[PDB]
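Undergrad: Encoded as structure tokens, here's the structure I'll be asking about.
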Ligand code: HEC
């Protein structure tokens with residue numbers, strides 16, 4: 001279950017906040033976020049528990065952060081409730097590996 005064309009319609013839930021193409025806006029640019037540090041865009045103003053995490057966004061840490069953002073980063077400035085199916089986050093993770 002890694003379909004990148006289905007991850008474009010799931011990324012329509014993200015793309016009012018997050019762009020990919022340099023702009024930022026409400027959330028940062030996600031252009032290769034799979035394998036980037038937590039708090040990893042030099043320019044965007046991040047929250048305290050996002051900066052105190054560090055490390056990396058793996059295709060596994062993103063799979064439970066994209067369904068409960070406040071369970072993995074407790075007190076994030078990301079105003080997002082969660083994705084429901086494991087196919088929704090796995091298809092989006094397959095999209096923004098290639099589409100960046
Ligand atoms: C606007 C209401 C948002 C929606 C909808 C989504 N996200 Fe977002 N994202 C937003 C903000 C304000 C932030 C920054 C949080 C902070 O600490 O200041 C974020 C952050 C993410 C991140 C972390 C990126 C990093 O540089 O470490 C990820 C990985 C992220 N958001 C992913 C993401 C996806 C894929 C969404 C759609 C399913 C999504 N966000 C929605 C704001 C908003």
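Residue numbering: from 1, along the chain as shown.
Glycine too: its Cβ is placed from the backbone N, Cα and C atoms.
In case it's useful when we look at the structure, here is the feature table from Swiss-Prot:
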BINDING   14, 17, 18, 50, 78  heme c binding site
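Give me the lay of the land around each of these features.
TA: If you draw a 10 Å sphere around the CB of residue 50 (heme c binding site), it holds 19 other CB atoms from the protein chains shown.
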Undergrad: If the heme c binders are 14, 17, 18, 50, 78 per the record, what's the largest distance between their Cα atoms, in Å?
TA: 18
Undergrad: Quick one: among the binding-site residues 14, 17, 78, which has the most Cβ atoms sitting within 10 Å of its own Cβ?
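TA: When each Cβ's neighbours within 10 Å are tallied, 14 leads.
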